[PDB]
>>> print(open('protein09.cif').read())   # mmCIF, C-alpha atoms
data_protein
#
loop_
_atom_site.label_atom_id
_atom_site.label_comp_id
_atom_site.auth_asym_id
_atom_site.auth_seq_id
_atom_site.Cartn_x
_atom_site.Cartn_y
_atom_site.Cartn_z
CA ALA A 113 10.95 -8.47 6.11
CA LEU A 114 9.57 -8.17 2.57
CA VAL A 115 12.58 -9.84 0.95
CA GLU A 116 12.60 -12.61 3.56
CA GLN A 117 8.88 -13.41 3.35
CA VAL A 118 8.71 -13.20 -0.45
CA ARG A 119 11.58 -15.67 -0.77
CA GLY A 120 9.72 -18.10 1.47
CA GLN A 121 6.80 -17.99 -0.96
CA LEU A 122 9.17 -18.67 -3.86
CA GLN A 123 10.97 -21.36 -1.86
CA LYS A 124 7.67 -23.08 -1.05
CA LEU A 125 6.11 -22.55 -4.48
CA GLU A 126 8.99 -24.13 -6.42
CA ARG A 127 8.78 -27.31 -4.34
CA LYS A 128 5.08 -27.68 -5.16
CA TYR A 129 5.64 -27.10 -8.89
CA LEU A 130 7.89 -30.14 -9.37
CA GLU A 131 5.63 -32.21 -7.11
CA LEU A 132 2.73 -31.75 -9.54
CA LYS A 133 5.02 -32.64 -12.45
CA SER A 134 5.78 -35.99 -10.81
CA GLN A 135 2.09 -36.92 -10.78
CA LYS A 136 1.58 -35.53 -14.30
CA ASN A 137 3.17 -38.54 -16.02
CA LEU A 138 1.83 -41.02 -13.47
CA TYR A 139 -1.81 -40.25 -14.28
CA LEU A 140 -1.07 -39.84 -17.99
CA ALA A 141 0.52 -43.30 -18.10
CA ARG A 142 -2.46 -44.91 -16.37
CA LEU A 143 -4.87 -43.19 -18.76
CA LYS A 144 -2.98 -44.49 -21.79
CA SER A 145 -2.87 -48.01 -20.35
CA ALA A 146 -6.66 -48.13 -20.00
CA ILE A 147 -7.14 -46.43 -23.38
CA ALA A 148 -5.01 -49.05 -25.11
CA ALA A 149 -6.65 -51.85 -23.13
CA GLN A 150 -10.13 -50.39 -23.68
CA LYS A 151 -10.18 -50.99 -27.44
CA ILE A 152 -8.53 -54.42 -27.62
CA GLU A 153 -11.27 -56.12 -25.61
CA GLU A 154 -13.86 -54.22 -27.65
CA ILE A 155 -12.38 -55.79 -30.79
CA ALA A 156 -12.46 -59.20 -29.09
CA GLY A 157 -16.09 -58.60 -28.14
CA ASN A 158 -16.79 -57.58 -31.72
CA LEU A 159 -14.62 -60.46 -33.00
CA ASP A 160 -15.05 -63.49 -30.71
CA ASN A 161 -18.13 -62.83 -28.53
CA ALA A 162 -20.45 -65.74 -29.30
CA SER A 163 -23.46 -63.41 -29.53
CA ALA A 164 -22.47 -61.85 -32.87
CA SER A 165 -18.87 -62.97 -33.40
CA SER A 166 -17.66 -61.59 -36.73
CA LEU A 167 -14.88 -64.20 -36.64
CA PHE A 168 -16.68 -67.53 -36.13
CA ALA B 24 -2.65 0.75 -16.08
CA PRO B 25 -1.66 3.18 -13.28
CA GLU B 26 1.91 1.85 -13.36
CA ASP B 27 2.70 3.50 -16.71
CA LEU B 28 1.26 6.77 -15.39
CA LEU B 29 3.77 6.78 -12.52
CA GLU B 30 6.70 6.80 -14.94
CA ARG B 31 4.98 9.20 -17.34
CA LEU B 32 4.02 11.73 -14.66
CA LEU B 33 7.60 12.05 -13.41
CA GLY B 34 8.78 12.54 -16.99
CA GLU B 35 6.39 15.47 -17.30
CA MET B 36 7.71 16.71 -13.95
CA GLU B 37 11.28 16.47 -15.26
CA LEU B 38 10.41 18.75 -18.19
CA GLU B 39 9.00 21.34 -15.78
CA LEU B 40 12.06 21.05 -13.53
CA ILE B 41 14.38 21.88 -16.43
CA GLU B 42 11.88 24.53 -17.53
CA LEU B 43 12.09 26.10 -14.08
CA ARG B 44 15.83 25.40 -14.12
CA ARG B 45 16.26 27.54 -17.24
CA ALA B 46 13.88 30.20 -15.92
CA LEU B 47 15.99 30.87 -12.83
CA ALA B 48 19.06 31.69 -14.93
CA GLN B 49 16.99 34.27 -16.82
CA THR B 50 16.27 36.00 -13.51
CA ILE B 51 19.99 35.81 -12.69
CA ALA B 52 20.83 37.12 -16.17
CA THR B 53 18.87 40.35 -15.75
CA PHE B 54 20.23 40.76 -12.22
CA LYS B 55 23.82 40.96 -13.46
CA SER B 56 22.87 43.45 -16.18
CA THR B 57 21.24 45.76 -13.63
CA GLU B 58 24.38 45.69 -11.48
CA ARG B 59 26.57 46.74 -14.41
CA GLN B 60 24.45 49.81 -15.18
CA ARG B 61 24.68 51.04 -11.59
CA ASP B 62 28.47 50.71 -11.66
CA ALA B 63 28.67 52.54 -14.99
CA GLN B 64 26.47 55.44 -13.87
CA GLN B 65 28.50 56.09 -10.71
CA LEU B 66 31.65 56.11 -12.85
CA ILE B 67 30.14 58.88 -14.99
CA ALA B 68 29.49 60.88 -11.83
CA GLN B 69 32.89 59.77 -10.55
CA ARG B 70 34.54 61.24 -13.65
CA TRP B 71 32.55 64.43 -13.10
CA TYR B 72 33.49 64.28 -9.42
CA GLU B 73 37.12 63.49 -10.25
CA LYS B 74 37.01 66.21 -12.90
CA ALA B 75 35.14 68.50 -10.49
CA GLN B 76 38.22 68.39 -8.24
CA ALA B 77 40.16 70.30 -10.90
CA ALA B 78 37.16 72.47 -11.84
CA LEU B 79 36.86 73.69 -8.25
CA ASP B 80 40.66 73.99 -8.18
CA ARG B 81 42.34 77.35 -8.87
CA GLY B 82 39.35 79.20 -7.40
CA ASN B 83 37.13 78.77 -10.49
CA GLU B 84 34.06 77.96 -8.42
CA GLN B 85 31.49 78.70 -11.13
CA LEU B 86 32.75 75.78 -13.22
CA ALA B 87 32.45 73.51 -10.17
CA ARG B 88 28.99 74.89 -9.36
CA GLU B 89 27.56 73.79 -12.71
CA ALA B 90 29.49 70.51 -12.73
CA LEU B 91 27.98 69.20 -9.49
CA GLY B 92 24.50 70.17 -10.65
CA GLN B 93 24.96 67.79 -13.57
CA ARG B 94 26.13 65.08 -11.16
CA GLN B 95 22.91 65.09 -9.12
CA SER B 96 20.98 63.81 -12.14
CA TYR B 97 23.15 60.69 -12.24
CA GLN B 98 23.14 60.37 -8.44
CA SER B 99 19.35 60.13 -8.31
CA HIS B 100 19.38 57.37 -10.94
CA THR B 101 22.17 55.55 -9.08
CA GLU B 102 20.19 55.38 -5.84
CA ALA B 103 17.12 53.90 -7.55
CA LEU B 104 19.10 51.03 -9.07
CA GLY B 105 20.86 50.19 -5.81
CA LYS B 106 17.50 49.73 -4.11
CA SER B 107 16.41 47.52 -7.01
CA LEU B 108 19.54 45.37 -6.68
CA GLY B 109 18.89 44.66 -3.00
CA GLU B 110 15.27 43.57 -3.37
CA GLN B 111 16.13 41.33 -6.33
CA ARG B 112 18.49 39.41 -4.03
CA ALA B 113 15.62 38.05 -1.94
CA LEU B 114 13.78 36.67 -4.97
CA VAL B 115 16.80 34.78 -6.31
CA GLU B 116 17.61 33.39 -2.85
CA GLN B 117 14.08 32.22 -2.03
CA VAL B 118 13.40 30.77 -5.49
CA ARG B 119 16.59 28.70 -5.30
CA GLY B 120 15.45 27.28 -1.97
CA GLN B 121 12.28 26.05 -3.66
CA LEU B 122 14.35 24.45 -6.41
CA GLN B 123 16.81 23.06 -3.87
CA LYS B 124 13.97 21.53 -1.84
CA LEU B 125 11.93 20.38 -4.84
CA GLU B 126 14.76 18.43 -6.47
CA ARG B 127 15.36 16.43 -3.28
CA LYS B 128 11.70 15.38 -3.19
CA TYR B 129 11.68 14.37 -6.86
CA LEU B 130 14.33 11.66 -6.48
CA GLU B 131 12.75 10.53 -3.21
CA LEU B 132 9.54 9.62 -5.03
CA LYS B 133 11.56 7.81 -7.70
CA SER B 134 13.08 5.57 -5.02
CA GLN B 135 9.62 4.38 -3.94
CA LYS B 136 8.45 4.08 -7.56
CA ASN B 137 10.29 0.80 -8.18
CA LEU B 138 9.72 -0.48 -4.64
CA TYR B 139 5.93 -0.50 -5.01
CA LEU B 140 6.12 -1.63 -8.64
CA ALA B 141 8.25 -4.63 -7.64
CA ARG B 142 5.82 -5.64 -4.88
CA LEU B 143 2.87 -5.36 -7.28
CA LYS B 144 4.56 -7.62 -9.82
CA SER B 145 5.44 -10.17 -7.12
CA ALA B 146 1.80 -10.50 -6.06
CA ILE B 147 0.62 -10.46 -9.69
CA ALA B 148 2.93 -13.34 -10.58
CA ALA B 149 2.04 -15.19 -7.36
CA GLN B 150 -1.68 -14.45 -7.81
CA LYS B 151 -2.10 -16.60 -10.92
CA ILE B 152 0.08 -19.59 -10.00
CA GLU B 153 -2.07 -20.54 -7.01
CA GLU B 154 -5.17 -19.96 -9.13
CA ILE B 155 -3.86 -22.56 -11.58
CA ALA B 156 -3.15 -24.91 -8.67
CA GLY B 157 -6.68 -24.33 -7.39
CA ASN B 158 -7.98 -25.00 -10.89
CA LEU B 159 -5.54 -27.92 -11.26
CA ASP B 160 -5.17 -29.71 -7.91
CA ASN B 161 -8.02 -28.50 -5.66
CA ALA B 162 -9.89 -31.68 -4.75
CA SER B 163 -13.26 -29.98 -5.34
CA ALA B 164 -12.97 -29.91 -9.15
CA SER B 165 -9.32 -30.78 -9.82
CA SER B 166 -8.79 -30.84 -13.59
CA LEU B 167 -5.62 -32.87 -12.96
CA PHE B 168 -6.76 -35.82 -10.83
CA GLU B 169 -10.47 -35.87 -10.01
CA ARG B 170 -11.89 -35.22 -13.48
CA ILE B 171 -9.16 -37.31 -15.12
CA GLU B 172 -9.50 -40.17 -12.64
CA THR B 173 -13.27 -40.25 -13.14
CA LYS B 174 -12.71 -41.07 -16.81
CA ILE B 175 -10.47 -43.94 -15.69
CA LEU B 176 -13.39 -45.53 -13.85
CA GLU B 177 -15.60 -45.08 -16.91
CA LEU B 178 -13.23 -47.21 -19.00
CA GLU B 179 -12.70 -49.57 -16.06
CA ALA B 180 -16.45 -50.01 -15.52
CA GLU B 181 -16.91 -50.99 -19.18
CA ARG B 182 -14.56 -53.98 -19.11
CA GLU B 183 -16.61 -55.90 -16.54
CA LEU B 184 -19.79 -55.11 -18.47
CA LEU B 185 -18.34 -56.20 -21.82
CA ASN B 186 -16.45 -59.07 -20.12
CA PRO B 187 -18.74 -60.23 -17.29
CA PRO B 188 -16.54 -61.54 -14.48
CA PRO B 189 -17.03 -65.24 -13.71
CA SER B 190 -19.52 -65.69 -10.91
CA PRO B 191 -18.12 -66.39 -7.42
CA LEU B 192 -19.57 -69.87 -7.89
CA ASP B 193 -16.83 -71.01 -10.27
CA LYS B 194 -14.05 -69.64 -8.06
CA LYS B 195 -14.73 -72.04 -5.20
CA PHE B 196 -15.32 -75.03 -7.48
CA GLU B 197 -11.97 -74.65 -9.24
CA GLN B 198 -10.27 -73.91 -5.91
CA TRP B 199 -12.12 -76.89 -4.42
CA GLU B 200 -11.12 -78.97 -7.45
CA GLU B 201 -7.59 -77.54 -7.63
CA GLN B 202 -6.66 -78.88 -4.19
CA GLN B 203 -7.78 -82.36 -5.26
CA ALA B 204 -5.85 -82.03 -8.53
CA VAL B 205 -2.61 -81.31 -6.66
CA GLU B 206 -3.43 -83.64 -3.76
CA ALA B 207 -4.68 -86.53 -5.90
CA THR B 208 -1.70 -86.14 -8.23
CA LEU B 209 0.61 -85.70 -5.23
CA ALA B 210 -1.08 -88.65 -3.51
CA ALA B 211 0.47 -90.72 -6.30
CA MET B 212 3.74 -88.81 -5.85
CA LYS B 213 4.00 -89.81 -2.19
CA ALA B 214 2.78 -93.31 -3.12
CA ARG B 215 4.98 -93.97 -6.17
CA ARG B 216 8.15 -93.02 -4.27
CA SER B 217 7.02 -94.86 -1.11
#
>>> encode(input="protein09.cif", output="structure tokens")
Amino acid sequence: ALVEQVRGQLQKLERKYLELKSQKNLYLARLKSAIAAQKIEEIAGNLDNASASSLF
Amino acid sequence: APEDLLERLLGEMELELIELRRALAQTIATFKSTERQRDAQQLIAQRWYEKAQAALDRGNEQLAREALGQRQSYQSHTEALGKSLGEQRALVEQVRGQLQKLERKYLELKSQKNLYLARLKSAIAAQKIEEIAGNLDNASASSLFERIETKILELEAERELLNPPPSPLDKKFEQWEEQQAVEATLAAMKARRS
């Protein structure tokens, strides 16, 4: 019984481990997308925004 | 950590087992020596007895009379040793039974030593992994998704603030105007060809 039940834990646990890994990159990619997009519009706001446009 | 004690305690037991193991031979060693002396003493009397056969022979009784008197001194010693040999037998027999029984128990405990150690390690390894998952995935305070995804909204919320979305006003005007742009332009399309 011990060897059977313990294997079930290992069998179930391994499936979960890779499942988390799949979402690891998915959320990381989304974070980077916003991070990259966060600054560019800030530069445009600091560059073009008619209020205090450094450009024009 | 009690686990190291389990291995260490048996090691100390093993030293005592060999210590007792050597001790038993010492008891056996003296037992053999006692047996030899009894055999030697009877031989001395046996030589006197074997000699006494000739001493009594030819009618020279007086020589035999004195000879047997000397024998009795050895006979008394012989009897005492024989009694000692018999009682020593019980001690060697019973002590071996203890050793015979004790050794069987020793290995029996060793069999369960690894069995419980293995189960402990299994739970120990499995104990932490789910704790990480609880600290990682658990929707309450998931470090993986909930806390990370909250930061996503923070950046998302800023874009509308820094770039105010056009009011819903303009959407309908362009859509209202867009249909005329296509229709008015297409009105010429259907008209120019027709």
>>> interface_residues(input="protein09.cif", of="chain B", to="chain A", cutoff="9 Å", atoms="only C-alpha atoms", output="ChimeraX atom specification")
/B:142,145,149,152-153,160,167-168,171-172,174-175,178-179,181-182,185-186
>>> write_last_selection(input="protein09.cif", atoms="C-alpha atoms", output="CSV table (one decimal), keeping the file's coordinate frame")
chain,number,residue,atom,x,y,z
B,142,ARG,CA,5.8,-5.6,-4.9
B,145,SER,CA,5.4,-10.2,-7.1
B,149,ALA,CA,2.0,-15.2,-7.4
B,152,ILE,CA,0.1,-19.6,-10.0
B,153,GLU,CA,-2.1,-20.5,-7.0
B,160,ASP,CA,-5.2,-29.7,-7.9
B,167,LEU,CA,-5.6,-32.9,-13.0
B,168,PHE,CA,-6.8,-35.8,-10.8
B,171,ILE,CA,-9.2,-37.3,-15.1
B,172,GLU,CA,-9.5,-40.2,-12.6
B,174,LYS,CA,-12.7,-41.1,-16.8
B,175,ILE,CA,-10.5,-43.9,-15.7
B,178,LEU,CA,-13.2,-47.2,-19.0
B,179,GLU,CA,-12.7,-49.6,-16.1
B,181,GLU,CA,-16.9,-51.0,-19.2
B,182,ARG,CA,-14.6,-54.0,-19.1
B,185,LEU,CA,-18.3,-56.2,-21.8
B,186,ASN,CA,-16.4,-59.1,-20.1
>>> resolve_selection(input="protein09.cif", expression="the PyMOL selection byres ((chain B and resi 128-131) around 12)", output="PyMOL selection string")
chain B and resi 32-37+39-40+121-127+132-138
>>> atom_distance(input="protein09.cif", atom1="CA of residue 100 (chain B)", atom2="CA of residue 88 (chain B)")
20.0 Å
>>> resolve_selection(input="protein09.cif", expression="the PyMOL selection byres ((chain B and resi 89-91) around 10)", output="list in words")
residues 68, 71, 72, 74, 75, 78, 79, 84, 85, 86, 87, 88, 92, 93, 94, 95 and 96 of chain B
>>> atom_distance(input="protein09.cif", atom1="CA of residue 192 (chain B)", atom2="CA of residue 158 (chain A)")
27.0 Å
>>> atom_distance(input="protein09.cif", atom1="CA of residue 26 (chain B)", atom2="CA of residue 147 (chain B)")
12.9 Å
>>> axis_aligned_box(input="protein09.cif", around="region 125-144 of chain B", padding_each_side="3 Å", output="lines of an AutoDock Vina configuration file")
center_x = 9.1
center_y = 6.4
center_z = -6.5
size_x = 18.5
size_y = 34.0
size_z = 12.6
>>> closest_residue(input="protein09.cif", among="B:51, B:148, B:162, B:176", to="residue 116 (chain B)", atoms="all atoms listed in the file")
B:51
>>> decode(input="protein09.cif", residues="region 88-209 of chain B", atoms="C-alpha atoms", output="PDB file, in the first residue's frame")
ATOM      1  CA  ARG B  88      48.146 -50.659  51.268  1.00  0.00           C
ATOM      2  CA  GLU B  89      50.257 -47.498  51.127  1.00  0.00           C
ATOM      3  CA  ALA B  90      49.768 -47.049  47.376  1.00  0.00           C
ATOM      4  CA  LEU B  91      45.975 -46.807  47.547  1.00  0.00           C
ATOM      5  CA  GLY B  92      46.213 -44.365  50.444  1.00  0.00           C
ATOM      6  CA  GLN B  93      48.111 -42.018  48.141  1.00  0.00           C
ATOM      7  CA  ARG B  94      45.431 -42.492  45.474  1.00  0.00           C
ATOM      8  CA  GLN B  95      42.597 -41.205  47.670  1.00  0.00           C
ATOM      9  CA  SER B  96      44.193 -37.748  47.735  1.00  0.00           C
ATOM     10  CA  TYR B  97      43.910 -37.525  43.946  1.00  0.00           C
ATOM     11  CA  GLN B  98      40.448 -39.122  43.956  1.00  0.00           C
ATOM     12  CA  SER B  99      39.028 -36.401  46.204  1.00  0.00           C
ATOM     13  CA  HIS B 100      40.403 -33.699  43.903  1.00  0.00           C
ATOM     14  CA  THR B 101      39.045 -35.521  40.847  1.00  0.00           C
ATOM     15  CA  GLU B 102      35.486 -35.563  42.196  1.00  0.00           C
ATOM     16  CA  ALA B 103      35.489 -31.825  42.919  1.00  0.00           C
ATOM     17  CA  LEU B 104      36.486 -30.929  39.356  1.00  0.00           C
ATOM     18  CA  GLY B 105      33.890 -33.224  37.796  1.00  0.00           C
ATOM     19  CA  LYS B 106      31.150 -31.425  39.706  1.00  0.00           C
ATOM     20  CA  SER B 107      32.590 -28.104  38.519  1.00  0.00           C
ATOM     21  CA  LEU B 108      32.568 -29.276  34.894  1.00  0.00           C
ATOM     22  CA  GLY B 109      28.876 -30.161  35.003  1.00  0.00           C
ATOM     23  CA  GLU B 110      27.654 -26.871  36.458  1.00  0.00           C
ATOM     24  CA  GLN B 111      29.770 -24.862  34.006  1.00  0.00           C
ATOM     25  CA  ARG B 112      27.849 -26.542  31.175  1.00  0.00           C
ATOM     26  CA  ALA B 113      24.603 -24.781  32.098  1.00  0.00           C
ATOM     27  CA  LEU B 114      26.209 -21.328  32.028  1.00  0.00           C
ATOM     28  CA  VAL B 115      27.711 -21.784  28.562  1.00  0.00           C
ATOM     29  CA  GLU B 116      24.447 -23.209  27.207  1.00  0.00           C
ATOM     30  CA  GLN B 117      22.182 -20.497  28.620  1.00  0.00           C
ATOM     31  CA  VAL B 118      24.513 -17.619  27.720  1.00  0.00           C
ATOM     32  CA  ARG B 119      24.664 -18.801  24.107  1.00  0.00           C
ATOM     33  CA  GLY B 120      20.870 -18.795  23.964  1.00  0.00           C
ATOM     34  CA  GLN B 121      20.914 -15.130  24.948  1.00  0.00           C
ATOM     35  CA  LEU B 122      23.460 -14.407  22.217  1.00  0.00           C
ATOM     36  CA  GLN B 123      21.532 -16.562  19.742  1.00  0.00           C
ATOM     37  CA  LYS B 124      18.304 -14.697  20.515  1.00  0.00           C
ATOM     38  CA  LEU B 125      19.893 -11.244  20.755  1.00  0.00           C
ATOM     39  CA  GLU B 126      21.569 -11.400  17.341  1.00  0.00           C
ATOM     40  CA  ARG B 127      18.264 -12.216  15.637  1.00  0.00           C
ATOM     41  CA  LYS B 128      16.643  -9.137  17.177  1.00  0.00           C
ATOM     42  CA  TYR B 129      19.527  -6.856  16.179  1.00  0.00           C
ATOM     43  CA  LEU B 130      19.116  -7.410  12.436  1.00  0.00           C
ATOM     44  CA  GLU B 131      15.328  -7.224  12.787  1.00  0.00           C
ATOM     45  CA  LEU B 132      15.584  -3.638  14.037  1.00  0.00           C
ATOM     46  CA  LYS B 133      17.969  -2.816  11.186  1.00  0.00           C
ATOM     47  CA  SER B 134      15.325  -3.904   8.669  1.00  0.00           C
ATOM     48  CA  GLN B 135      12.846  -1.355  10.038  1.00  0.00           C
ATOM     49  CA  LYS B 136      15.557   1.314  10.323  1.00  0.00           C
ATOM     50  CA  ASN B 137      15.573   2.104   6.600  1.00  0.00           C
ATOM     51  CA  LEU B 138      11.826   1.547   6.214  1.00  0.00           C
ATOM     52  CA  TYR B 139      10.922   4.366   8.603  1.00  0.00           C
ATOM     53  CA  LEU B 140      13.791   6.548   7.374  1.00  0.00           C
ATOM     54  CA  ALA B 141      12.559   6.228   3.786  1.00  0.00           C
ATOM     55  CA  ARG B 142       9.003   7.180   4.745  1.00  0.00           C
ATOM     56  CA  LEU B 143      10.256  10.198   6.694  1.00  0.00           C
ATOM     57  CA  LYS B 144      12.265  11.443   3.713  1.00  0.00           C
ATOM     58  CA  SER B 145       9.296  10.953   1.379  1.00  0.00           C
ATOM     59  CA  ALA B 146       7.071  13.174   3.521  1.00  0.00           C
ATOM     60  CA  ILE B 147       9.895  15.673   4.079  1.00  0.00           C
ATOM     61  CA  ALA B 148      10.436  16.047   0.334  1.00  0.00           C
ATOM     62  CA  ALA B 149       6.682  16.167  -0.300  1.00  0.00           C
ATOM     63  CA  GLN B 150       6.130  18.561   2.614  1.00  0.00           C
ATOM     64  CA  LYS B 151       7.996  21.479   1.037  1.00  0.00           C
ATOM     65  CA  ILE B 152       6.857  21.164  -2.587  1.00  0.00           C
ATOM     66  CA  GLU B 153       3.200  21.771  -1.748  1.00  0.00           C
ATOM     67  CA  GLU B 154       4.263  24.615   0.548  1.00  0.00           C
ATOM     68  CA  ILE B 155       5.957  26.258  -2.441  1.00  0.00           C
ATOM     69  CA  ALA B 156       2.811  25.680  -4.502  1.00  0.00           C
ATOM     70  CA  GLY B 157       0.741  27.222  -1.719  1.00  0.00           C
ATOM     71  CA  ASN B 158       3.173  30.137  -1.627  1.00  0.00           C
ATOM     72  CA  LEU B 159       3.286  30.195  -5.450  1.00  0.00           C
ATOM     73  CA  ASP B 160      -0.162  29.346  -6.843  1.00  0.00           C
ATOM     74  CA  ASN B 161      -2.653  29.619  -3.947  1.00  0.00           C
ATOM     75  CA  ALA B 162      -5.154  32.219  -5.120  1.00  0.00           C
ATOM     76  CA  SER B 163      -5.140  33.923  -1.704  1.00  0.00           C
ATOM     77  CA  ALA B 164      -1.662  35.460  -2.076  1.00  0.00           C
ATOM     78  CA  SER B 165      -0.185  33.709  -5.118  1.00  0.00           C
ATOM     79  CA  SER B 166       3.285  35.134  -5.746  1.00  0.00           C
ATOM     80  CA  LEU B 167       3.059  33.738  -9.287  1.00  0.00           C
ATOM     81  CA  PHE B 168      -0.202  35.135 -10.684  1.00  0.00           C
ATOM     82  CA  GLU B 169      -2.147  37.369  -8.294  1.00  0.00           C
ATOM     83  CA  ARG B 170       0.675  39.631  -7.111  1.00  0.00           C
ATOM     84  CA  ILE B 171       2.285  39.623 -10.564  1.00  0.00           C
ATOM     85  CA  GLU B 172      -0.997  40.257 -12.379  1.00  0.00           C
ATOM     86  CA  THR B 173      -1.797  43.167 -10.056  1.00  0.00           C
ATOM     87  CA  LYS B 174       1.341  44.934 -11.278  1.00  0.00           C
ATOM     88  CA  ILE B 175       0.088  44.411 -14.841  1.00  0.00           C
ATOM     89  CA  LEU B 176      -3.029  46.448 -14.072  1.00  0.00           C
ATOM     90  CA  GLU B 177      -0.887  49.180 -12.507  1.00  0.00           C
ATOM     91  CA  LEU B 178       0.984  49.662 -15.784  1.00  0.00           C
ATOM     92  CA  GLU B 179      -2.249  49.200 -17.737  1.00  0.00           C
ATOM     93  CA  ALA B 180      -4.082  51.802 -15.647  1.00  0.00           C
ATOM     94  CA  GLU B 181      -1.346  54.362 -16.328  1.00  0.00           C
ATOM     95  CA  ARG B 182      -1.675  54.322 -20.126  1.00  0.00           C
ATOM     96  CA  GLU B 183      -5.262  55.590 -20.111  1.00  0.00           C
ATOM     97  CA  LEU B 184      -4.318  58.283 -17.595  1.00  0.00           C
ATOM     98  CA  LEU B 185      -1.272  59.424 -19.577  1.00  0.00           C
ATOM     99  CA  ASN B 186      -3.148  58.876 -22.869  1.00  0.00           C
ATOM    100  CA  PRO B 187      -6.776  59.778 -22.113  1.00  0.00           C
ATOM    101  CA  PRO B 188      -9.004  57.646 -24.346  1.00  0.00           C
ATOM    102  CA  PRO B 189     -11.110  59.639 -26.814  1.00  0.00           C
ATOM    103  CA  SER B 190     -14.539  60.310 -25.384  1.00  0.00           C
ATOM    104  CA  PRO B 191     -17.399  58.082 -26.596  1.00  0.00           C
ATOM    105  CA  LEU B 192     -18.653  61.206 -28.362  1.00  0.00           C
ATOM    106  CA  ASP B 193     -16.060  61.031 -31.140  1.00  0.00           C
ATOM    107  CA  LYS B 194     -16.639  57.314 -31.733  1.00  0.00           C
ATOM    108  CA  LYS B 195     -20.212  57.751 -32.949  1.00  0.00           C
ATOM    109  CA  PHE B 196     -19.421  60.857 -35.005  1.00  0.00           C
ATOM    110  CA  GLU B 197     -16.655  59.133 -36.970  1.00  0.00           C
ATOM    111  CA  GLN B 198     -18.787  55.999 -37.279  1.00  0.00           C
ATOM    112  CA  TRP B 199     -21.719  58.204 -38.282  1.00  0.00           C
ATOM    113  CA  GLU B 200     -19.441  60.057 -40.707  1.00  0.00           C
ATOM    114  CA  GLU B 201     -17.653  56.904 -41.880  1.00  0.00           C
ATOM    115  CA  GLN B 202     -20.847  55.381 -43.284  1.00  0.00           C
ATOM    116  CA  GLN B 203     -21.460  58.548 -45.302  1.00  0.00           C
ATOM    117  CA  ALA B 204     -17.844  58.550 -46.488  1.00  0.00           C
ATOM    118  CA  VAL B 205     -18.196  55.030 -47.890  1.00  0.00           C
ATOM    119  CA  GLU B 206     -21.818  55.514 -48.963  1.00  0.00           C
ATOM    120  CA  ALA B 207     -21.326  58.954 -50.517  1.00  0.00           C
ATOM    121  CA  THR B 208     -18.175  57.752 -52.276  1.00  0.00           C
ATOM    122  CA  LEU B 209     -19.926  54.510 -53.228  1.00  0.00           C
TER     123      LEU B 209
END
